[PDB]
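J.: Here you go, target_28.cif (mmCIF, C-alpha atoms; chains and numbers go by the auth columns):
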```cif
data_start
loop_
_atom_site.group_PDB
_atom_site.id
_atom_site.type_symbol
_atom_site.label_atom_id
_atom_site.label_comp_id
_atom_site.label_asym_id
_atom_site.label_seq_id
_atom_site.Cartn_x
_atom_site.Cartn_y
_atom_site.Cartn_z
_atom_site.B_iso_or_equiv
_atom_site.auth_seq_id
_atom_site.auth_asym_id
ATOM 1 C CA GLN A 1 3.952 16.339 38.299 0.00 773 I
ATOM 2 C CA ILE A 2 6.312 13.327 38.359 0.00 774 I
ATOM 3 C CA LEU A 3 3.790 10.786 39.676 0.00 775 I
ATOM 4 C CA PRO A 4 0.687 9.467 37.885 0.00 776 I
ATOM 5 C CA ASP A 5 -2.626 11.163 38.624 0.00 777 I
ATOM 6 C CA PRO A 6 -5.548 8.830 39.467 0.00 778 I
ATOM 7 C CA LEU A 7 -8.115 11.291 38.092 0.00 779 I
ATOM 8 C CA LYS A 8 -6.745 11.489 34.555 0.00 780 I
ATOM 9 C CA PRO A 9 -7.303 8.527 32.197 0.00 781 I
ATOM 10 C CA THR A 10 -3.584 8.260 31.432 0.00 782 I
ATOM 11 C CA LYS A 11 -1.427 5.953 33.536 0.00 783 I
ATOM 12 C CA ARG A 12 1.637 8.192 33.057 0.00 784 I
ATOM 13 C CA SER A 13 2.715 11.402 34.771 0.00 785 I
ATOM 14 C CA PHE A 14 2.397 14.912 33.354 0.00 786 I
ATOM 15 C CA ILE A 15 6.085 15.228 32.462 0.00 787 I
ATOM 16 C CA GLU A 16 6.024 11.751 30.923 0.00 788 I
ATOM 17 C CA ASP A 17 3.069 12.847 28.786 0.00 789 I
ATOM 18 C CA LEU A 18 5.047 15.887 27.634 0.00 790 I
ATOM 19 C CA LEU A 19 8.043 13.691 26.805 0.00 791 I
ATOM 20 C CA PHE A 20 5.916 11.268 24.794 0.00 792 I
ATOM 21 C CA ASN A 21 4.341 14.205 22.953 0.00 793 I
ATOM 22 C CA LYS A 22 7.757 15.613 22.007 0.00 794 I
ATOM 23 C CA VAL A 23 8.788 12.597 19.855 0.00 795 I
ATOM 24 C CA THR A 24 6.994 11.710 16.616 0.00 796 I
ATOM 25 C CA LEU A 25 6.861 8.119 15.352 0.00 797 I
ATOM 26 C CA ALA A 26 5.811 6.813 11.947 0.00 798 I
ATOM 27 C CA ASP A 27 3.486 4.211 13.483 0.00 799 I
ATOM 28 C CA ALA A 28 2.702 2.832 16.934 0.00 800 I
ATOM 29 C CA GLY A 29 0.312 -0.093 16.420 0.00 801 I
ATOM 30 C CA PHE A 30 2.683 -2.700 14.964 0.00 802 I
ATOM 31 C CA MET A 31 -0.398 -3.940 13.081 0.00 803 I
ATOM 32 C CA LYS A 32 -1.170 -3.149 9.428 0.00 804 I
ATOM 33 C CA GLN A 33 -3.877 -5.209 7.751 0.00 805 I
ATOM 34 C CA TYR A 34 -3.897 -6.409 4.156 0.00 806 I
ATOM 35 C CA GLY A 35 -7.245 -4.711 3.599 0.00 807 I
ATOM 36 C CA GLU A 36 -5.872 -1.455 4.992 0.00 808 I
ATOM 37 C CA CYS A 37 -2.867 -1.498 2.661 0.00 809 I
ATOM 38 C CA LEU A 38 -5.096 -2.593 -0.251 0.00 810 I
ATOM 39 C CA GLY A 39 -7.621 0.231 -0.244 0.00 811 I
ATOM 40 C CA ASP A 40 -5.363 3.148 0.654 0.00 812 I
ATOM 41 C CA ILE A 41 -3.015 2.704 -2.309 0.00 813 I
ATOM 42 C CA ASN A 42 -3.307 6.378 -3.249 0.00 814 I
ATOM 43 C CA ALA A 43 -1.501 7.253 -0.011 0.00 815 I
ATOM 44 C CA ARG A 44 1.679 5.373 -1.023 0.00 816 I
ATOM 45 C CA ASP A 45 2.377 4.278 2.537 0.00 817 I
ATOM 46 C CA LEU A 46 6.019 3.666 3.422 0.00 818 I
ATOM 47 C CA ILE A 47 5.044 0.948 5.906 0.00 819 I
ATOM 48 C CA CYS A 48 2.912 -0.744 3.249 0.00 820 I
ATOM 49 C CA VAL B 1 14.065 -7.681 -44.275 0.00 484 M
ATOM 50 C CA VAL B 2 14.843 -6.074 -40.901 0.00 485 M
ATOM 51 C CA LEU B 3 12.114 -5.791 -38.257 0.00 486 M
ATOM 52 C CA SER B 4 12.444 -3.241 -35.441 0.00 487 M
ATOM 53 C CA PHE B 5 10.196 -2.717 -32.413 0.00 488 M
ATOM 54 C CA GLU B 6 10.079 -2.007 -28.673 0.00 489 M
ATOM 55 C CA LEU B 7 8.757 -4.198 -25.864 0.00 490 M
ATOM 56 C CA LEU B 8 6.709 -3.813 -22.687 0.00 491 M
ATOM 57 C CA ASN B 9 7.094 -0.059 -22.194 0.00 492 M
ATOM 58 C CA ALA B 10 4.335 1.646 -24.210 0.00 493 M
ATOM 59 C CA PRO B 11 1.060 1.047 -26.097 0.00 494 M
ATOM 60 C CA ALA B 12 1.076 -1.676 -28.740 0.00 495 M
ATOM 61 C CA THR B 13 -1.235 -2.711 -31.578 0.00 496 M
ATOM 62 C CA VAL B 14 0.624 -5.753 -32.990 0.00 497 M
ATOM 63 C CA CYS B 15 0.304 -8.996 -31.047 0.00 498 M
ATOM 64 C CA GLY B 16 0.793 -12.727 -31.292 0.00 499 M
ATOM 65 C CA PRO B 17 -2.095 -15.150 -31.643 0.00 500 M
ATOM 66 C CA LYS B 18 -3.639 -15.483 -28.186 0.00 501 M
ATOM 67 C CA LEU B 19 -7.103 -15.690 -26.651 0.00 502 M
ATOM 68 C CA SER B 20 -8.192 -13.023 -24.189 0.00 503 M
ATOM 69 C CA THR B 21 -10.281 -13.865 -21.127 0.00 504 M
ATOM 70 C CA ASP B 22 -12.448 -11.895 -18.714 0.00 505 M
ATOM 71 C CA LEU B 23 -11.179 -9.621 -15.950 0.00 506 M
ATOM 72 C CA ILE B 24 -11.035 -10.992 -12.391 0.00 507 M
ATOM 73 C CA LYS B 25 -10.666 -8.524 -9.520 0.00 508 M
ATOM 74 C CA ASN B 26 -9.990 -8.796 -5.777 0.00 509 M
ATOM 75 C CA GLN B 27 -8.419 -12.231 -6.233 0.00 510 M
ATOM 76 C CA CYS B 28 -4.851 -13.497 -6.521 0.00 511 M
ATOM 77 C CA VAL B 29 -4.376 -14.515 -10.161 0.00 512 M
ATOM 78 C CA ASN B 30 -1.801 -14.952 -12.869 0.00 513 M
ATOM 79 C CA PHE B 31 -2.131 -12.104 -15.360 0.00 514 M
ATOM 80 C CA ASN B 32 -0.811 -11.213 -18.810 0.00 515 M
ATOM 81 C CA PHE B 33 -1.288 -7.645 -20.094 0.00 516 M
ATOM 82 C CA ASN B 34 0.007 -7.064 -23.640 0.00 517 M
ATOM 83 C CA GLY B 35 2.748 -9.617 -22.952 0.00 518 M
ATOM 84 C CA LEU B 36 3.734 -8.480 -19.452 0.00 519 M
ATOM 85 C CA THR B 37 3.124 -11.517 -17.234 0.00 520 M
ATOM 86 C CA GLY B 38 2.957 -11.751 -13.469 0.00 521 M
ATOM 87 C CA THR B 39 0.976 -12.695 -10.381 0.00 522 M
ATOM 88 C CA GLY B 40 -1.072 -10.463 -8.119 0.00 523 M
ATOM 89 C CA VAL B 41 -4.396 -8.907 -7.167 0.00 524 M
ATOM 90 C CA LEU B 42 -6.097 -6.429 -9.513 0.00 525 M
ATOM 91 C CA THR B 43 -8.217 -3.559 -8.191 0.00 526 M
ATOM 92 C CA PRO B 44 -9.778 -0.431 -9.707 0.00 527 M
ATOM 93 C CA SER B 45 -7.488 2.592 -9.638 0.00 528 M
ATOM 94 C CA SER B 46 -7.933 6.346 -9.261 0.00 529 M
ATOM 95 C CA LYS B 47 -4.784 7.162 -11.253 0.00 530 M
ATOM 96 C CA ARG B 48 -5.251 8.999 -14.559 0.00 531 M
#
```
As structure tokens, please, write out the structure in this file.
T.:
Amino acid sequence: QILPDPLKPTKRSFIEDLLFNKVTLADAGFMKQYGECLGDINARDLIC
Amino acid sequence: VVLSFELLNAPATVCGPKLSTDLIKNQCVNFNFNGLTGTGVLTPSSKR
């Protein structure tokens, strides 16, 4: 449970997956395109 | 004679002598709407 499992696609361990699931982030890509911001205006995105 | 009015906050039907042009969209332009001037890109909106 504390070491990565070769079978699963993830490179993390099970407990690490749980930990990463327990914290919510606004965005993870660090990439927001001008076309994306201009075209989803109705959303009023904080990052935009 | 005393003239009173309001500016750049509501509909207007009195204007100075100026020539209107066509509408350009999806392009960075200088714009002037009823006297409010600026620079930006104009797109169609879903707001009512």
J.: State, in Å with one decimal place, the distance from CA of residue 517 (chain M) to CA of residue 809 (chain I).
T.: 27.0 Å
J.: Fewer than 5 positions away in the same chain doesn't count, so skip those; otherwise give me all residues within 12 Å of residue 817 (chain I), counting only C-alpha atoms, as number ranges by chain.
T.: I: 798-799, 804, 808-812
J.: Calculate how many Å separate CA of residue 503 (chain M) from CA of residue 518 (chain M), rounding to one decimal.
T.: 11.5 Å
J.: Using all atoms listed in the file, select each residue of chain M with any atom at most 10 Å away from an atom of chain I, and give the selection as an mmCIF file with C-alpha atoms, in the frame of the given file.
T.:
```cif
data_model
loop_
_atom_site.group_PDB
_atom_site.id
_atom_site.type_symbol
_atom_site.label_atom_id
_atom_site.label_comp_id
_atom_site.auth_asym_id
_atom_site.auth_seq_id
_atom_site.Cartn_x
_atom_site.Cartn_y
_atom_site.Cartn_z
ATOM 1 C CA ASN M 509 -9.990 -8.796 -5.777
ATOM 2 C CA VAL M 524 -4.396 -8.907 -7.167
ATOM 3 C CA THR M 526 -8.217 -3.559 -8.191
ATOM 4 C CA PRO M 527 -9.778 -0.431 -9.707
ATOM 5 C CA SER M 528 -7.488 2.592 -9.638
ATOM 6 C CA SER M 529 -7.933 6.346 -9.261
ATOM 7 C CA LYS M 530 -4.784 7.162 -11.253
#
```
J.: Please compute the CA of residue 487 (chain M)-CA of residue 502 (chain M) distance, one decimal, in Å.
T.: 24.8 Å
J.: Give the padded box for region 513-518 of chain M as AutoDock Vina command-line options: axis-aligned, covering all atoms listed in the file, 4 Å on each side, centre and edge lengths in Å to one decimal.
T.:
```
--center_x 0.3 --center_y -11.0 --center_z -18.3 --size_x 12.9 --size_y 15.9 --size_z 18.8
```
J.: Got a sec to resolve the PyMOL selection byres ((chain M and resi 491-494) around 9) on this structure and send the residues as an mmCIF file with C-alpha atoms, in the frame of the given file?
T.:
```
data_model
loop_
_atom_site.group_PDB
_atom_site.id
_atom_site.type_symbol
_atom_site.label_atom_id
_atom_site.label_comp_id
_atom_site.auth_asym_id
_atom_site.auth_seq_id
_atom_site.Cartn_x
_atom_site.Cartn_y
_atom_site.Cartn_z
ATOM 1 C CA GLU M 489 10.079 -2.007 -28.673
ATOM 2 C CA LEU M 490 8.757 -4.198 -25.864
ATOM 3 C CA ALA M 495 1.076 -1.676 -28.740
ATOM 4 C CA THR M 496 -1.235 -2.711 -31.578
ATOM 5 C CA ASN M 517 0.007 -7.064 -23.640
ATOM 6 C CA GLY M 518 2.748 -9.617 -22.952
ATOM 7 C CA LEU M 519 3.734 -8.480 -19.452
#
```
J.: As an mmCIF file, in the coordinates of the input, please: region 773-797 of chain I completed to N, CA and C atoms.
T.:
```cif
data_model
loop_
_atom_site.group_PDB
_atom_site.id
_atom_site.type_symbol
_atom_site.label_atom_id
_atom_site.label_comp_id
_atom_site.auth_asym_id
_atom_site.auth_seq_id
_atom_site.Cartn_x
_atom_site.Cartn_y
_atom_site.Cartn_z
ATOM 1 N N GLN I 773 3.629 16.292 39.721
ATOM 2 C CA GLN I 773 3.952 16.339 38.299
ATOM 3 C C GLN I 773 4.787 15.150 37.841
ATOM 4 N N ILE I 774 5.496 14.473 38.748
ATOM 5 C CA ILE I 774 6.312 13.327 38.359
ATOM 6 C C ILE I 774 5.661 12.000 38.714
ATOM 7 N N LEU I 775 4.495 12.016 39.358
ATOM 8 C CA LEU I 775 3.790 10.786 39.676
ATOM 9 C C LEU I 775 2.458 10.742 38.937
ATOM 10 N N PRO I 776 1.950 9.552 38.625
ATOM 11 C CA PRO I 776 0.687 9.467 37.885
ATOM 12 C C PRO I 776 -0.482 9.993 38.702
ATOM 13 N N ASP I 777 -1.458 10.563 37.993
ATOM 14 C CA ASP I 777 -2.626 11.163 38.624
ATOM 15 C C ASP I 777 -3.813 10.221 38.499
ATOM 16 N N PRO I 778 -4.418 9.765 39.600
ATOM 17 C CA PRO I 778 -5.548 8.830 39.467
ATOM 18 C C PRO I 778 -6.723 9.397 38.688
ATOM 19 N N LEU I 779 -6.954 10.709 38.757
ATOM 20 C CA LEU I 779 -8.115 11.291 38.092
ATOM 21 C C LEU I 779 -8.021 11.137 36.579
ATOM 22 N N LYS I 780 -6.873 11.482 36.002
ATOM 23 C CA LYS I 780 -6.745 11.489 34.555
ATOM 24 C C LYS I 780 -6.781 10.063 34.002
ATOM 25 N N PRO I 781 -7.303 9.879 32.784
ATOM 26 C CA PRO I 781 -7.303 8.527 32.197
ATOM 27 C C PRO I 781 -5.913 7.939 32.027
ATOM 28 N N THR I 782 -4.922 8.765 31.704
ATOM 29 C CA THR I 782 -3.584 8.260 31.432
ATOM 30 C C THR I 782 -2.968 7.644 32.682
ATOM 31 N N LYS I 783 -2.160 6.611 32.466
ATOM 32 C CA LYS I 783 -1.427 5.953 33.536
ATOM 33 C C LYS I 783 -0.033 6.534 33.734
ATOM 34 N N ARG I 784 0.337 7.552 32.963
ATOM 35 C CA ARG I 784 1.637 8.192 33.057
ATOM 36 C C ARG I 784 1.529 9.472 33.883
ATOM 37 N N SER I 785 2.672 10.109 34.110
ATOM 38 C CA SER I 785 2.715 11.402 34.771
ATOM 39 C C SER I 785 2.655 12.526 33.738
ATOM 40 N N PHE I 786 2.526 13.756 34.237
ATOM 41 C CA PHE I 786 2.397 14.912 33.354
ATOM 42 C C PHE I 786 3.664 15.120 32.528
ATOM 43 N N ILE I 787 4.827 15.040 33.175
ATOM 44 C CA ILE I 787 6.085 15.228 32.462
ATOM 45 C C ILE I 787 6.315 14.087 31.481
ATOM 46 N N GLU I 788 5.922 12.869 31.854
ATOM 47 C CA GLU I 788 6.024 11.751 30.923
ATOM 48 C C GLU I 788 5.133 11.968 29.707
ATOM 49 N N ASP I 789 3.935 12.521 29.915
ATOM 50 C CA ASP I 789 3.069 12.847 28.786
ATOM 51 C C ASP I 789 3.730 13.867 27.870
ATOM 52 N N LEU I 790 4.331 14.907 28.449
ATOM 53 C CA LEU I 790 5.047 15.887 27.634
ATOM 54 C C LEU I 790 6.154 15.215 26.827
ATOM 55 N N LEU I 791 6.941 14.362 27.485
ATOM 56 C CA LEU I 791 8.043 13.691 26.805
ATOM 57 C C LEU I 791 7.537 12.840 25.650
ATOM 58 N N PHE I 792 6.451 12.099 25.865
ATOM 59 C CA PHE I 792 5.916 11.268 24.794
ATOM 60 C C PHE I 792 5.322 12.113 23.676
ATOM 61 N N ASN I 793 4.839 13.315 23.994
ATOM 62 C CA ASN I 793 4.341 14.205 22.953
ATOM 63 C C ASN I 793 5.465 14.832 22.141
ATOM 64 N N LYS I 794 6.672 14.926 22.699
ATOM 65 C CA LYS I 794 7.757 15.613 22.007
ATOM 66 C C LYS I 794 8.441 14.773 20.931
ATOM 67 N N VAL I 795 8.146 13.478 20.827
ATOM 68 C CA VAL I 795 8.788 12.597 19.855
ATOM 69 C C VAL I 795 7.720 12.032 18.931
ATOM 70 N N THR I 796 7.950 12.145 17.626
ATOM 71 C CA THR I 796 6.994 11.710 16.616
ATOM 72 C C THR I 796 7.466 10.407 15.982
ATOM 73 N N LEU I 797 6.563 9.433 15.899
ATOM 74 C CA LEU I 797 6.861 8.119 15.352
ATOM 75 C C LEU I 797 5.993 7.859 14.129
#
```
